[PDB]
Structure formats: structure tokens, C-alpha cells
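The structure under discussion appears below in the form of C-alpha cells.
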Amino acid sequence: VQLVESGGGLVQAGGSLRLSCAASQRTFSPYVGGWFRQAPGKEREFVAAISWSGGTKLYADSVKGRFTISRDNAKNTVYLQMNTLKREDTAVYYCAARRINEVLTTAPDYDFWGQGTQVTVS
Amino acid sequence: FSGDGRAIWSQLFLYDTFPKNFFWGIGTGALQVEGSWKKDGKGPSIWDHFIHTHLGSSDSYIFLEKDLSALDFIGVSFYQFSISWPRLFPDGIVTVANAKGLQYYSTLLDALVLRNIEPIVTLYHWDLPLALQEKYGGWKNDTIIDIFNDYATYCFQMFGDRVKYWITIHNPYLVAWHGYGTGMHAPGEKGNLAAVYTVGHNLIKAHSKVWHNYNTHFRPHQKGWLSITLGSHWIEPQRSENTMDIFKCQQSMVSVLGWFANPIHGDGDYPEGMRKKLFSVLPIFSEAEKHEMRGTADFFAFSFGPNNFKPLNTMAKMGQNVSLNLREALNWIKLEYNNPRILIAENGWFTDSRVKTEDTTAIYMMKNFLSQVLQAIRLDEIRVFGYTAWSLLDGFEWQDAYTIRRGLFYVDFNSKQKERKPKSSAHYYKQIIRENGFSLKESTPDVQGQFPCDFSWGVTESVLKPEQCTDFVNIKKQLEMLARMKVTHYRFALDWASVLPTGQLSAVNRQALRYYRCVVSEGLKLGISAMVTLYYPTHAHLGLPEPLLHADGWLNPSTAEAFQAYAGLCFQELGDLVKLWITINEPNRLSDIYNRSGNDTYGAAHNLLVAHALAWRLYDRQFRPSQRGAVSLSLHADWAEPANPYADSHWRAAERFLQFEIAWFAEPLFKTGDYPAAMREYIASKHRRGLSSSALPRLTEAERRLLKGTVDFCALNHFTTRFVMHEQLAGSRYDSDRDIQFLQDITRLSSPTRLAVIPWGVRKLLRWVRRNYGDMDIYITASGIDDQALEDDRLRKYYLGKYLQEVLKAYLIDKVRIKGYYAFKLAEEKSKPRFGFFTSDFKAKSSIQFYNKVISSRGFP
Ligand SMILES: *[C@@H]1O[C@H](CO)[C@@H](O[C@@H]2O[C@H](CO)[C@@H](O)[C@H](O)[C@H]2NC(C)=O)[C@H](O)[C@H]1NC(C)=O
Ligand SMILES: *[C@@H]1O[C@H](CO)[C@@H](O)[C@H](O)[C@H]1NC(C)=O
Ligand SMILES: OC[C@H]1O[C@@H](O)[C@H](O)[C@@H](O)[C@@H]1O
Ligand SMILES: OC[C@H]1O[C@@H](O)[C@H](O)[C@@H](O)[C@@H]1O
């Protein structure tokens, strides 16, 4: 599976962005959609993940209440709505996918990764 | 289609074996058997909370190897079990899986595959994670639909490599109805009408979502099948064929099974009647949803057991009568849902918890269910392809807890080891699987060969009432019937009271003797010899001359002296022509006349024994030298087998039945001159322990000398084989002293009056007779079967062919000195059971030509 982000970019503090990850699979199967983020020289940080049919959603505590993860299986897309952005949210955001339908929070649990997209809060 | 099932409320069944590749299995549910409700990170379920607030397990979670051994003993092709959702996902949502729970189910699946046992896995057998009930309201909240699909997806991914049969929900009707209607099941709401039907709706949508998930993402590479287990009762009209009552039976079935099956197996909507009556609270399927609900099951999985019958508030009966007729329920499914493939996903009954391993009643429940399934397959062409016995082992039975047992394996819940001990039903079901149906063990192939050239081929009649010899019109019609048969011998009985109205020889009715002499002499003109029965008592006709009857009958020893005088008169008047004599027909089944006490039965029988011996010794001294015939008596001699062949007390009861039936008279007359030891010891012991007041009177050395050795041959009336069980009965009658109850075996062919057709029984009898009494000549003086048919009597034809094969096997193979076979009986009377070769209007039945063919061939060469 290949994962492709979009929706990143430059936003003013307190503003909002919607990231999306479109998956392409040569053998379309279920997967957990995840979002991670990384500042330069820092370790990769869990943001949000969503189970296949959307019954389970997890969020990092720094992000609870501001970010909302969702999904549209018909379009093979996972979405991250980011509201009330803070300067501390500035980072490269990576979408990720995990085959087993178990919503985990650490990077080694995710088998597939996108190229990353820059989010900048000035 | 909807409504078609209403039609169900409006030969010879020779099948023992299920179709080739029929799928035999057994089932458990996780809550019932696992134990370890909080071990290894398992989260609580609504049942854990419900048990702890409203109300030592099987411990399958820690004793997995003991359950696998039980499965090996049974020999099933599949094992049905459920995954405990909170054992895998303690909070229901698919956050981190409990690793020890995953390992348990994974180890189980590996062990089944290595043993060639197919898993059938149920995702939900009522154990909803408590966290989902408290946070959302459980199945009341339609967020459950995606939460349940997430759980199923994980299960398809972790286990579906190894699992080809999936059940989403076990019996959703009870989840909604007892969970929220009656309050008998977790979570214990009662009277909540809106929740009952909202819960039902989310169960159906959850099932459908999971089916489409499996169908699109997993079936292509895992190639399995998924269904849902729907349970129901059966029901019959409160008045025998009342159309309004039938209409209400349909409504009762629609309200339990139709509620979930119409959306899933039918047109994809709720049944019409329900939509109207409940338009209030029944949620609505959109037109798109209807097309997505129907066809979401790869086969019809059907549950038919005690959870749909007990307690009484489980179903709306509409005033009608509940019924355990599984065959009719299967036909209703076939009609309503258009002949689907059917798995019986649960079937069984229950016993009280005090029944440990000897569960006779479970065997007979299973016999009945399995016979109904076989009928549905063979006669109704219902596509049943497999059968789940329920359950593997005793466990926690919901609101009934541990007061009932449903396992094929007994578990002592007060022992640490919880060893699984096979019950009778486990042994029985094990043999069902080995033979793919009902046991043929006692059946052998047809043999080829012939009876001796001088074998006596006979037909039997009972008492002939007296009326040139052609004067008597009764005789003409007897001759016309015998002339249509190829018998060499004719057995009939005289009427003692007709011959000797006062009992005294000075008042002989010589017209009666002339009639009987005409029967014999006219028979001889046809080439047919007579076997004449002197005394043929029946419950309706005791047959004593009135002055003997009023002098206390067979309780008066003088009655035996009068019988000796009667016998001598018959020897004198008929014995130049008659060379075969039966003194008394079935004196050992005339314990229904002196039924007052055991002492009465034993006393009368003693006088009958003396009667026979006096007549025999008179014949032997005075008539044999000039007449050179032979004299015996006919013993009622049905065979007996244990009802439960896995209970040692039933093997003992079978041998005790033969003691009280046959040896009672055969031991004194044939062998020792005294009653059988087993019978006297058994009665004494029951008397010694204060339970019977009966005594079997001691026989003087003189009376033993009178009785011993007084038969020229062994004559046996054999009709059937009884199935017997031991039971300490109350009272001091004959039937109480012998401690025996009878069961009917539905899996065997039987007659309108319930006589079982058990052909190998006659071979077992003939061995038992020679084993205990030596190599005497044996005559079967009566053998037959009632048959409702009037011309094409196929049951009699079947009976004749199979019993005669076993007689010839006794002769050719076992070397029994069998010298004759008399078929019972020549003609039937108008309002009696139809045993006759001829109807009451003297019309010939089709079995005559079959019997003539056997006689002509002297068997089956
Ligand atoms: C249907 O159900 C009722 C039971 O409620 C049956 O009626 C009973 O019949 C038995 C004899 O078989 C009587 O001893 C009871 O007194 C009857 N009860 C009542 C309330 O009448 C009825 O026979 C059943 N079977 C049918 C209709 O075929
Ligand atoms: C279902 O669950 C959520 C709880 O977060 C709630 O918002 C919703 O109203 C619930 N619906 C019910 C209980 O019918
Ligand atoms: O009918 C003739 C018979 O009459 C009986 O009353 C006598 O006892 C017999 O001895 C005799 O043979
Ligand atoms: O019953 C057969 C024969 O028995 C004899 O003892 C009688 O006295 C004969 O007259 C008779 O023919």
C-alpha cells in the first residue's frame, strides 16, 4: 500500500487545517489509519489513530479536544481535522497504516508510512 | 416466502443412515464453560455483573487439554465455540488486545486443526463487555454496530486463516427478549418495549455489516462461510385443526423466528404483521438497507433447545400449544425461507443437576431429535447438512446456573480436577458418529440357504367357537383360507367351556367335539396337520367352564384336576388325528387376570404349572403309546435389551425380564422342577428389605418331581423385543416385584400398536433358550405383527422376511434345533388389531404370496 498526504501548509495560530491520507492498495483490505508528527531532531510523536469501521479513535493528550480523526472507506481516505492550532503544533505530519485492526499508539506498530507534509503555525 | 410455512399445519421408513459427508459436531459457549472471569486481563462482561447482582466452573480456560481429549473420545468433525469478546478486548473497543486471551484462542484453533476438527466460531454468545453497556447502553446504542464490526474484523484477521465457519450472534432473539423484555438475562431490564425492538434492530444491522465485511474483504482469500444462529420453539394448534388457531401458530413462529429471519433470509424487512402491530417502536429499514440485509447468511443456522422453551415467558404462544417437533420446525423453515441449506447449530435438552453420568433421558431425547432430522432429510428433502449436539460439557446455564446439566460430559464442580467424565449420551453420540446414523451393530447380512425338508410351516388361529362336516359354515371359510396358503400345519385352540360346560366329563358336549374333529379331518384332506391348543386364556375370555370359575378359578388346585380330565377327553377324542398338542397358551402372560397381589399371580401360575404337568403325564402314560404324538406348552417369549446400553443396571434388568417371563415356567418344566433361583432370590430380597409382601411358595420334593421333565419340545411365542430399564417400583404385584420399566425406541420400525420390529431379537432368544435349557427341539408357535393396511401389508411382508432370515441364521449358523414356524395369525376380527393374513371379510392380503414363496423355496436359497 502507498499512502499520500495532503492539506498541509501554513496557517495562523488559532486557525485550522484538514489533513487527508489517501491509500492505494493492490489488494484492498482493512487497516488502521494513524497520524504521527515530527519536529526536527525530535522523536516521532503519536497524534491520532482510527479503527477500520471508526468505532475506536485514540488521541494524544496534547491534542484531545482540538483534533478530530475520521475516515471514508469508500474513498480510501483518512482525515485529520486540526482546530485551534498552536505554535507547538508545527511539525512534519506523517500518515501511517496498520493492517491488524487494533488501534496502537507507537510508531513500530505501523507497517506503512507516507512521505510527510509540513504544517507551520506562525 | 412469508406465510408459506402456515401450510405445515394443513410407506415404511427404512432409513438408518445420514447422507454421506453429513457433518457431526458439538458446541459450547464461552461464558458457560471458560471460568477465569478475571484472570489474565479479561474484562468484565454484563453477565459477570448480572450474576454478581441478580443471582467453581468447568474451567475450560485452564483445562483446554481435557476438553480436547473429550472431543477426541466423541470423534466429532467440528467443534463450535465462542470467543469471549471481553477476554480479547476488555473494554470492547479495539484498543490493545489482551495477549493472553489471543494466545488462548490461537492455541485452541491450532490444536483443532492438528486433530482434523473444523472450528465453528461464534463471535458473540451474549457476553458483551461491561464497559460498552455502561458507556453506551450496549445494543441499545447503534454505535455498537461499528464497534462490533471492528471486533469481528480483528477476529477475521487473527483467526480466519484457520476458521471456515463463522457465526456472528448466537440466538439474537433471547438477547433482546430476555435482556430487555423479561429481565431474565443480562443486563436485566424488564418491560422496556422500545429497547427490545431497538436492540433487535442493532443486532440485525451489526450482523449484516459483518457479513458484508467478511464477504468483500476476507472470503476471497479465506474461502469460508458466515451465518447467524436463530433459535425458535415449535407450536401446534390449541384445537386440533382450527384455522384461527393455525393462524395464531403462524404468528407465534413469525414473532420469534420471523422477526430476525425475514430481514436476513427473507425479503430483508421485518414481517408484515409485526410492522403493523408494532409500527410504534419497530425501527424502519430504508429501502437501501432492505437490499443490504437480505442474503447476509451463507446457510441457515438453527437453534432448537431448552432456551427457546423455558421459562414459560420466553415466547408469545397466542394461546396455542408448545411442541418439541423438530421435524415440523425444519419444514416451516424450508417453506418460509425457500429451501435453504440448514445447519442444526444447537440441539439438546437438559437434566436436573442430580443426574450425573447415567442420563438415559438425554439418550432418548437425542434419539427422538435425530430421528426427526433423518425424517426431514429423507422424507421432506430438507437440506440439513450438519448437526451440533449441545453441549460438550456441563457448565453454567445462565439464569439456571448449576441446577441443570446439558453436557455430554459430566463435570463435578466441587472437585479441583474438574475431570470430564463421559455420560451415557457421550457413548451413544460417539456410536452415532461412527455409524453415521443409528447402529447396525446387531444386524448381519442376509444368508443363503434352506430349512430342512421336514420343517413345519404353520399358521396360527386362537379359539375356534363350535357352530357331514361341510354342515358347519365356519369350516368352509377356514378351508378356503388354508387352501390359499402353502402351510403344512395349522394351529388352533379349543374352547374348554364349549366342550365341558359344567367342567364334568359326564356332561361332555359331543357336538363341540364333532366340530373340532371336523376341523382337523377337513384340514388333513388338504394335507395340513393340526397343532391343537387345549386352553387359550385371554384378558377378555378367561375360558374356564362357569362352575370352575365360581370355585375361585386358577387359585383353586381342583381347577388343575379338572384340566387333567379335560385334556384326557381331548386326547381320547382327537388324538388319533392330532399329533401335536399345546396344553396352555402363554400361561406366563396370564398375570393380568390374577393381578390383585403377587401372591395371587404366583399362586395361580403354580396351579397352571400343575395342570400342564398332570395333562402331560396322563398323555405320556395312557395316550402316547397308541398315538405317538407330542405335548408341550407355549411360553410367551419376547426378547429384552437394555434401554440404555451404557448403564450396567439396564443389562441386569434385561436378564431379569427373561427370568420373570420365560424361566418362571421353563425352569420347573424343562430343567429342575422348581422356580428359577434368580426370580426367587430377587423376590425374597425385596421382601427382606420391607418393600414387597410377595413370596414365591416353596415346592415340595413331590411337586418338583411332578413338574420336572414334562415337555416334548420347546414352543415359543415371539413377537418383539422390549427395551427395559431398572426401576424400584412400589407395591407387591407381579409387575412391581420385577422392578422393570419399558421404553419405546423411536429409531426402530414399529407397528400401529407400537410393536417394535427387531428381527435379531429372535436369534438372541433362540441362543438364550439353548444356552439355558439344552438342545431341545424348538417350535416358534406364534410370530407376527399388526399392520394397518388392508391388502398391501408391507410391514407384515417386511417382518416375515427379516424374522425368517434370522430363524434360518439360527438354524444354519448357530445350529439351533428349530423345527417349525407358525405365522400369527390366519384371519383378523373386525374391531381388533390387524394381525391376519386375511381381512375380516376373508379377503387375502398381499403377504400370503410372500409367505407361500418362502415356503416353496424352503427359505432363501
Ligand atoms: C393443547 O393444550 C392443552 C393444555 O393446556 C390441552 O388440554 C388439556 O388436555 C389434557 C388431556 O390431554 C387435560 O388433562 C387437561 O385438563 C386439558 N387442559 C385444558 C385447559 O383443557 C390440549 O389437549 C392440548 N392438545 C391439543 C389441543 O391437541
Ligand atoms: C450513544 O453513545 C453516545 C455516548 O458517548 C451518546 O452521545 C449517544 O446519545 C448514545 N445514544 C443512545 C444511548 O441512544
Ligand atoms: O361320550 C363318551 C364319553 O363320555 C364321557 O362322559 C365319559 O367320561 C367318557 O369315558 C366317554 O368316552
Ligand atoms: O387313540 C388311539 C387308540 O388308543 C387305544 O388305546 C384305544 O383303545 C383305541 O381304540 C384307539 O384307536
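Identifiers for the C-alpha cells are assigned positionally: chains receive A, B, ... in sequence, residues are indexed from 1 per chain, and ligands are indexed from 1 in the order shown.
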Residues of chain B that approach ligand 4 to 7 Å or less, counting only C-alpha atoms and all ligand atoms: could you list each one with the shortest pair of atoms and its distance in Å to one decimal, rows by chain and increasing residue number, as JSON lines?
{"residue": "B:572", "atom": "CA", "partner": "ligand 4", "partner_atom_place_in_ligand_line": "1 (O)", "distance": 5.7}
{"residue": "B:575", "atom": "CA", "partner": "ligand 4", "partner_atom_place_in_ligand_line": "1 (O)", "distance": 5.7}
{"residue": "B:576", "atom": "CA", "partner": "ligand 4", "partner_atom_place_in_ligand_line": "1 (O)", "distance": 4.9}
{"residue": "B:623", "atom": "CA", "partner": "ligand 4", "partner_atom_place_in_ligand_line": "1 (O)", "distance": 6.5}
{"residue": "B:626", "atom": "CA", "partner": "ligand 4", "partner_atom_place_in_ligand_line": "4 (O)", "distance": 4.9}
{"residue": "B:627", "atom": "CA", "partner": "ligand 4", "partner_atom_place_in_ligand_line": "2 (C)", "distance": 5.3}
Worksheet item: Residues at most 12 Å from ligand 2, using only C-alpha atoms and all ligand atoms? Could they come as a VMD selection string?
Response: (chain A and resid 55) or (chain B and resid 131 to 147 194 to 195 198 to 199 202)
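Those residues in range 572-672 of chain B carrying a DSSP assignment of strand (DSSP E or B), computed from the backbone, are residues 580, 581, 582, 583, 584, 585, 630, 631, 632, 633, 634, 635, 636, 639, 640, 641 and 642 of chain B.
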Output C-alpha atoms for every residue in that selection, as a PDB file, in the first residue's frame.
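Below is the file result-v9.pdb, written as the result:
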ATOM      1  CA  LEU B 580     -49.125 -82.086  18.299  1.00  0.00           C
ATOM      2  CA  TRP B 581     -50.608 -80.609  21.454  1.00  0.00           C
ATOM      3  CA  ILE B 582     -50.213 -77.351  23.360  1.00  0.00           C
ATOM      4  CA  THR B 583     -51.760 -77.676  26.814  1.00  0.00           C
ATOM      5  CA  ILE B 584     -51.822 -73.958  27.677  1.00  0.00           C
ATOM      6  CA  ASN B 585     -51.117 -70.882  25.543  1.00  0.00           C
ATOM      7  CA  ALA B 630     -46.131 -84.897  21.350  1.00  0.00           C
ATOM      8  CA  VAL B 631     -47.254 -82.411  24.018  1.00  0.00           C
ATOM      9  CA  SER B 632     -45.861 -79.123  25.281  1.00  0.00           C
ATOM     10  CA  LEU B 633     -46.996 -75.600  26.199  1.00  0.00           C
ATOM     11  CA  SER B 634     -46.430 -72.224  24.524  1.00  0.00           C
ATOM     12  CA  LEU B 635     -44.379 -69.725  26.510  1.00  0.00           C
ATOM     13  CA  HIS B 636     -44.738 -66.021  25.853  1.00  0.00           C
ATOM     14  CA  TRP B 639     -36.768 -60.633  23.923  1.00  0.00           C
ATOM     15  CA  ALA B 640     -35.329 -57.817  26.040  1.00  0.00           C
ATOM     16  CA  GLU B 641     -32.417 -55.400  25.612  1.00  0.00           C
ATOM     17  CA  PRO B 642     -31.222 -52.586  27.895  1.00  0.00           C
TER      18      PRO B 642
END
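Within 10 Å of chain A, chain B contributes the residues residues 89, 92, 93, 94, 95, 96, 97, 143, 144, 145, 146, 147, 148, 149, 150, 151, 152, 153, 154, 155, 156, 157, 158, 209, 213, 216, 217 and 218 of chain B, using only C-alpha atoms.
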Item to complete: Extract, using only C-alpha atoms, all DNA, RNA and protein residues at most 10 Å from residue 288 in chain B, discarding same-chain residues fewer than 4 positions from it, and format them as a list in words.
Response: residues 268, 292 and 293 of chain B
Discussion item. Neighbouring residues of ligand 3 are defined here as those with any atom at most 7 Å from a ligand atom, counting only C-alpha atoms and all ligand atoms; list them as JSON, numbers by chain.
Written reply: {"B": [505, 506, 507, 508, 510]}
Restricting it to N, CA, C and O atoms, dump the selection as a CSV table (one decimal), in the first residue's frame.
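Result saved to part.csv:
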chain,number,residue,atom,x,y,z
B,505,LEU,N,-66.9,-84.6,33.0
B,505,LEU,CA,-66.9,-85.3,31.8
B,505,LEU,C,-68.2,-86.0,31.5
B,505,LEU,O,-68.5,-86.3,30.3
B,506,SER,N,-69.0,-86.3,32.5
B,506,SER,CA,-70.3,-86.9,32.3
B,506,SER,C,-71.3,-86.0,31.5
B,506,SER,O,-72.3,-86.5,31.0
B,507,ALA,N,-70.9,-84.7,31.4
B,507,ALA,CA,-71.8,-83.8,30.6
B,507,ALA,C,-71.0,-83.2,29.4
B,507,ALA,O,-71.1,-82.0,29.1
B,508,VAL,N,-70.2,-84.0,28.7
B,508,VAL,CA,-69.5,-83.6,27.6
B,508,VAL,C,-70.5,-83.1,26.5
B,508,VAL,O,-71.6,-83.7,26.3
B,510,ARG,N,-71.0,-83.3,23.0
B,510,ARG,CA,-70.4,-84.1,21.9
B,510,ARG,C,-70.5,-83.4,20.5
B,510,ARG,O,-69.7,-83.7,19.7
Worksheet item: Within 12 Å of ligand 1, counting only C-alpha atoms and all ligand atoms: which residues, as a ChimeraX atom specification?
Response: /B:235-242,245-246,317-323
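The residue set within 7 Å of range 34-46 of chain A, counting only C-alpha atoms and dropping same-chain residues fewer than 3 places from it, reads residues 49, 50, 60, 91, 92, 93, 94, 95, 96, 97, 105 and 106 of chain A.
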Using N, CA and C atoms, can you write the selected residues to a file as a PDB file, in the first residue's frame?
ATOM      1  N   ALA A  49      -5.266   7.978  15.815  1.00  0.00           N
ATOM      2  CA  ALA A  49      -5.478   6.783  15.007  1.00  0.00           C
ATOM      3  C   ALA A  49      -6.955   6.399  15.055  1.00  0.00           C
ATOM      4  N   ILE A  50      -7.376   5.628  14.057  1.00  0.00           N
ATOM      5  CA  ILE A  50      -8.783   5.283  13.898  1.00  0.00           C
ATOM      6  C   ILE A  50      -8.890   3.861  13.377  1.00  0.00           C
ATOM      7  N   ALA A  60      -3.470  11.562  21.208  1.00  0.00           N
ATOM      8  CA  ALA A  60      -2.511  12.059  22.186  1.00  0.00           C
ATOM      9  C   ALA A  60      -3.150  13.139  23.062  1.00  0.00           C
ATOM     10  N   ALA A  91       5.085  21.017  12.678  1.00  0.00           N
ATOM     11  CA  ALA A  91       5.801  19.748  12.529  1.00  0.00           C
ATOM     12  C   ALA A  91       5.543  19.183  11.137  1.00  0.00           C
ATOM     13  N   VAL A  92       6.335  18.170  10.776  1.00  0.00           N
ATOM     14  CA  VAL A  92       6.017  17.303   9.640  1.00  0.00           C
ATOM     15  C   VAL A  92       5.037  16.239  10.118  1.00  0.00           C
ATOM     16  N   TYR A  93       3.905  16.126   9.439  1.00  0.00           N
ATOM     17  CA  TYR A  93       2.864  15.179   9.812  1.00  0.00           C
ATOM     18  C   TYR A  93       2.906  13.983   8.872  1.00  0.00           C
ATOM     19  N   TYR A  94       2.929  12.789   9.444  1.00  0.00           N
ATOM     20  CA  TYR A  94       3.033  11.546   8.688  1.00  0.00           C
ATOM     21  C   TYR A  94       1.761  10.741   8.874  1.00  0.00           C
ATOM     22  N   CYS A  95       1.131  10.356   7.778  1.00  0.00           N
ATOM     23  CA  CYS A  95       0.097   9.357   7.932  1.00  0.00           C
ATOM     24  C   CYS A  95       0.727   7.973   7.896  1.00  0.00           C
ATOM     25  N   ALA A  96       0.027   7.036   8.515  1.00  0.00           N
ATOM     26  CA  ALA A  96       0.538   5.699   8.726  1.00  0.00           C
ATOM     27  C   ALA A  96      -0.650   4.753   8.649  1.00  0.00           C
ATOM     28  N   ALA A  97      -0.359   3.491   8.376  1.00  0.00           N
ATOM     29  CA  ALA A  97      -1.380   2.464   8.258  1.00  0.00           C
ATOM     30  C   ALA A  97      -0.862   1.198   8.922  1.00  0.00           C
ATOM     31  N   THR A 105      -0.517   2.973  19.594  1.00  0.00           N
ATOM     32  CA  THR A 105      -0.028   4.345  19.669  1.00  0.00           C
ATOM     33  C   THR A 105       1.476   4.518  19.439  1.00  0.00           C
ATOM     34  N   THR A 106       2.227   3.477  19.083  1.00  0.00           N
ATOM     35  CA  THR A 106       3.670   3.633  18.900  1.00  0.00           C
ATOM     36  C   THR A 106       4.069   3.362  17.456  1.00  0.00           C
TER      37      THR A 106
END
Env of range 11-16 of chain A: 6 Å cut, atoms = only C-alpha atoms, seq-sep filter 3 positions within chain, self excluded. Answer as a PDB file with C-alpha atoms, in the first residue's frame.
ATOM      1  CA  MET A  82      -6.986  20.200  13.298  1.00  0.00           C
ATOM      2  CA  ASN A  83      -8.615  23.155  15.064  1.00  0.00           C
ATOM      3  CA  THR A  84      -7.200  25.835  17.369  1.00  0.00           C
ATOM      4  CA  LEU A  85      -3.685  25.283  16.091  1.00  0.00           C
ATOM      5  CA  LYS A  86      -0.818  26.304  18.389  1.00  0.00           C
ATOM      6  CA  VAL A 121       1.775  27.718  12.612  1.00  0.00           C
ATOM      7  CA  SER A 122       3.233  31.233  12.598  1.00  0.00           C
TER       8      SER A 122
END
Fill in: All residues 9 Å or closer to range 7-20 of chain B, only C-alpha atoms, same chain fewer than 3 positions away omitted, as an MDAnalysis selection string
chainID B and resid 3:4 23 236:237 241 246 249 328:329 331:332 335 371 374:375 377:379 385 435:440 747:749 794:795
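Closest approach to residue 384 in chain B among B:301, B:167, B:605, B:459: B:301, based on only C-alpha atoms.
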Item to complete: Write down as a count of residues only the residues belonging to range 697-769 of chain B that are assigned alpha helix (DSSP H) by DSSP computed on the backbone.
Response: 21
Worksheet item: Nearest to residue 460 in chain B among B:790, B:593, B:487, B:111, with distances taken over only C-alpha atoms: which residue is it?
Response: B:487
Discussion item. Residues within 10 Å of residue 19 in chain A, please, as a ChimeraX atom specification. Count only C-alpha atoms; anything in the same chain fewer than 3 positions from it doesn't count.
Written reply: /A:5-9,35,69,78-82,93-95,117,119
Residues from last step as file, N, CA, C and O atoms, as an mmCIF file, in the first residue's frame:
data_model
loop_
_atom_site.group_PDB
_atom_site.id
_atom_site.type_symbol
_atom_site.label_atom_id
_atom_site.label_comp_id
_atom_site.auth_asym_id
_atom_site.auth_seq_id
_atom_site.Cartn_x
_atom_site.Cartn_y
_atom_site.Cartn_z
ATOM 1 N N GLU A 5 -0.252 11.979 1.695
ATOM 2 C CA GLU A 5 -0.841 13.071 2.468
ATOM 3 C C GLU A 5 -1.214 14.246 1.571
ATOM 4 O O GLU A 5 -0.751 14.364 0.438
ATOM 5 N N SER A 6 -2.052 15.132 2.108
ATOM 6 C CA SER A 6 -2.292 16.446 1.521
ATOM 7 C C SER A 6 -3.057 17.283 2.537
ATOM 8 O O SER A 6 -3.496 16.787 3.576
ATOM 9 N N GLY A 7 -3.180 18.572 2.234
ATOM 10 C CA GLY A 7 -3.850 19.511 3.107
ATOM 11 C C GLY A 7 -2.953 20.271 4.063
ATOM 12 O O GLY A 7 -3.457 21.101 4.838
ATOM 13 N N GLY A 8 -1.650 20.030 4.038
ATOM 14 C CA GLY A 8 -0.776 20.716 4.972
ATOM 15 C C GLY A 8 -0.640 22.194 4.679
ATOM 16 O O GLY A 8 -1.515 22.804 4.059
ATOM 17 N N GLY A 9 0.447 22.798 5.127
ATOM 18 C CA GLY A 9 0.660 24.181 4.769
ATOM 19 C C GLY A 9 0.770 25.134 5.935
ATOM 20 O O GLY A 9 0.991 24.740 7.087
ATOM 21 N N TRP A 35 -1.906 8.906 12.456
ATOM 22 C CA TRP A 35 -1.193 10.147 12.194
ATOM 23 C C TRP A 35 -0.105 10.319 13.243
ATOM 24 O O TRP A 35 -0.354 10.156 14.440
ATOM 25 N N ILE A 69 -10.153 12.849 14.186
ATOM 26 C CA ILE A 69 -9.804 11.916 13.114
ATOM 27 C C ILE A 69 -11.081 11.266 12.598
ATOM 28 O O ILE A 69 -12.021 11.018 13.362
ATOM 29 N N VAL A 78 -8.356 8.681 5.059
ATOM 30 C CA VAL A 78 -8.444 9.077 6.461
ATOM 31 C C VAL A 78 -8.205 10.580 6.553
ATOM 32 O O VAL A 78 -7.351 11.119 5.840
ATOM 33 N N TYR A 79 -8.958 11.258 7.427
ATOM 34 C CA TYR A 79 -8.907 12.706 7.577
ATOM 35 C C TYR A 79 -8.534 13.078 8.999
ATOM 36 O O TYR A 79 -8.984 12.441 9.956
ATOM 37 N N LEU A 80 -7.743 14.146 9.131
ATOM 38 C CA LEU A 80 -7.408 14.741 10.421
ATOM 39 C C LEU A 80 -7.814 16.212 10.407
ATOM 40 O O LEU A 80 -7.175 17.030 9.740
ATOM 41 N N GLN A 81 -8.879 16.551 11.131
ATOM 42 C CA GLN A 81 -9.308 17.935 11.294
ATOM 43 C C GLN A 81 -8.571 18.531 12.486
ATOM 44 O O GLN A 81 -8.702 18.033 13.612
ATOM 45 N N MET A 82 -7.789 19.579 12.247
ATOM 46 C CA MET A 82 -6.986 20.200 13.298
ATOM 47 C C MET A 82 -7.521 21.604 13.529
ATOM 48 O O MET A 82 -7.432 22.453 12.638
ATOM 49 N N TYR A 93 3.905 16.126 9.439
ATOM 50 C CA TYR A 93 2.864 15.179 9.812
ATOM 51 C C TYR A 93 2.906 13.983 8.872
ATOM 52 O O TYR A 93 2.933 14.148 7.649
ATOM 53 N N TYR A 94 2.929 12.789 9.444
ATOM 54 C CA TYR A 94 3.033 11.546 8.688
ATOM 55 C C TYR A 94 1.761 10.741 8.874
ATOM 56 O O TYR A 94 1.364 10.457 10.007
ATOM 57 N N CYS A 95 1.131 10.356 7.778
ATOM 58 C CA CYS A 95 0.097 9.357 7.932
ATOM 59 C C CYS A 95 0.727 7.973 7.896
ATOM 60 O O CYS A 95 1.832 7.768 7.381
ATOM 61 N N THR A 117 4.092 15.704 5.436
ATOM 62 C CA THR A 117 3.670 17.005 4.943
ATOM 63 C C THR A 117 3.876 18.043 6.035
ATOM 64 O O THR A 117 3.589 17.795 7.211
ATOM 65 N N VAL A 119 3.423 21.194 8.387
ATOM 66 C CA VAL A 119 2.425 22.103 8.939
ATOM 67 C C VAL A 119 3.164 23.188 9.708
ATOM 68 O O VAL A 119 4.012 22.887 10.555
#
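If you look at CA of residue 695 in chain B and CA of residue 707 in chain B, they are 19.7 Å away from each other.
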Discussion item. Let me make sure I understand: among B:562, B:130, B:758, B:677, which one has the smallest atom-to-atom distance to residue 608 in chain B if we use only C-alpha atoms?
Written reply: B:562
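If you measure from each of A:20, A:62, A:68, A:73 to residue 116 in chain A using only C-alpha atoms, the closest one turns out to be A:20.
One distance worth recording is that between CA of residue 285 in chain B and CA of residue 193 in chain B, which is 18.4 Å.
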